[PDB]
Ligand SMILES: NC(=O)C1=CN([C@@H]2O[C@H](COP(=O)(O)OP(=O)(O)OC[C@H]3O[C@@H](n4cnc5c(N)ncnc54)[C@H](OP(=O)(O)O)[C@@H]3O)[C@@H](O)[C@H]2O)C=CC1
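Encoded as structure tokens, the following chain is the form deposited without the ligand, with no partner shown.
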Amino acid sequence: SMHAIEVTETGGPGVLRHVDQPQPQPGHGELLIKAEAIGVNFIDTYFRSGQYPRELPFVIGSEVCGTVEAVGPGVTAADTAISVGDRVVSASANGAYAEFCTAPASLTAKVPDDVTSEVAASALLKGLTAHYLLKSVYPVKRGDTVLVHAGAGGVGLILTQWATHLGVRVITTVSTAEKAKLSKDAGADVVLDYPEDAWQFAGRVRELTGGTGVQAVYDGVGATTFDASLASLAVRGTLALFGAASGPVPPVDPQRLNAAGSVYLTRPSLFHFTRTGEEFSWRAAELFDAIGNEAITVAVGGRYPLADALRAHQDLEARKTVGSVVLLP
């Protein structure tokens, strides 16, 4: 028996119940993980509220770093380097808010000795996302300039630090002075206000880039920024629309892609960049090498005992937390 946070009915933070729960057993292709640090994120709140549906009851959470206690059937050394005793991290766990949970081995990565559990749990999802955007969707190269919207958000901060480390000049957008400082500290060469008008904003970006425009735009904002993103691109540049935080982007007339400079539009999601354990492990290894070298840093701003998951969710939804929030079981 173990401590866990279980949701039997969807709703507000008040549905999170600290319970005694059977210790999980790993099924086919799964690892059993003894948690050291548990990620708290907005997606957790969407499952909790029922905005994203799933089978009830469930133990909440998908982000965890801990040690491998056991492996399920179908987990062999032929397929994974992961072994009992290894410190690992996954953003695909079932029932992460618990002392023990399970995760598919093919979506779990080793954590190097020089990366802490709290940072691993806080960084994996945002970090894999930044990895595929920067290495696969548009492979940035030294000398490029890119535009990253929402520079002070989780992915934006990692995109900015990582691209800067790869010799890329980063221009960002943020909504407040406080976020402007966070973005500058992450390596942004220029921090801009969100666009008021697409052509005015694009004109500003072109002036910053000697008339060229940016080689790529990483747009996780969507509705409010998309027109400006498209207008800011260098000839044959890539618009990576990977989120819609402000709302959905209206259908795009393909001729707009021609007028913008024969550009590329893509709407990726992480699923298509974590297709095998080999691909997952490659992205994670490069992420944790960079964190290990302090080329990427992830601030943890809130550490709660597992029992106070309710309070963590309240503080998260109230924006009382700056930086990542974790539970320690």
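For every residue, the number given is its place in the sequence shown, counted from 1.
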Got a sec? Mean C-alpha B-factor, which is higher, 95-103 or 183-191? 183-191
Could you settle it for me: does 122-130 or 193-201 have the higher average Cα B factor in the PDB entry? 193-201
Looking at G156, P139, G213, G74, which one carries the largest C-alpha B-factor according to the PDB entry? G74
For the listed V170, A81, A231, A240, which has the peak Cα B-factor recorded in the PDB entry? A81
Could you look up the Cα B-factor of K110 in the entry and say which third of the chain it sits in: lowest, middle or highest? lowest
Would you please rank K135 by its C-alpha temperature factor against the other modelled residues of its chain and give the third it falls in: lowest, middle or highest? lowest
Chain-wide C-alpha B factor ranking for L306, given as lowest, middle or highest third: middle
Assert third(CA B-factor, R87) within chain per record equals middle
What third of its chain's C-alpha B-factors does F58 belong to: lowest, middle or highest? middle
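The form solved in complex with the ligand is left out here; the points below concern that form.
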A295 within 4.5 Å of the ligand in the deposited bound form, heavy atoms: no
Should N41 be counted as a contact of the ligand in the deposited bound form, where contact means heavy atoms within 4.5 Å? yes
Within 4.5 Å, heavy atoms only: does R267 come near the ligand in the deposited bound form? yes
Could you confirm whether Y138 comes within 4.5 Å of the ligand in the deposited bound form, counting heavy atoms only? no
Students should find that, of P104, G237, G95, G243, the residue having a non-hydrogen atom no more than 4.5 angstroms from the ligand in the deposited bound form is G243
Just one of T160, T108, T173, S229 has a heavy atom within 4.5 Å of the ligand in the deposited bound form. Which one? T173
Please tell me whether the candidate spot formed by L16, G66 and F100 is one where all three residues come within 4.5 Å of the ligand in the deposited bound form (heavy atoms). no
Only one of 220-228, 84-92, 113-121, 68-76 has residues with a heavy atom within 4.5 Å of the ligand in the deposited bound form, and that stretch is 220-228
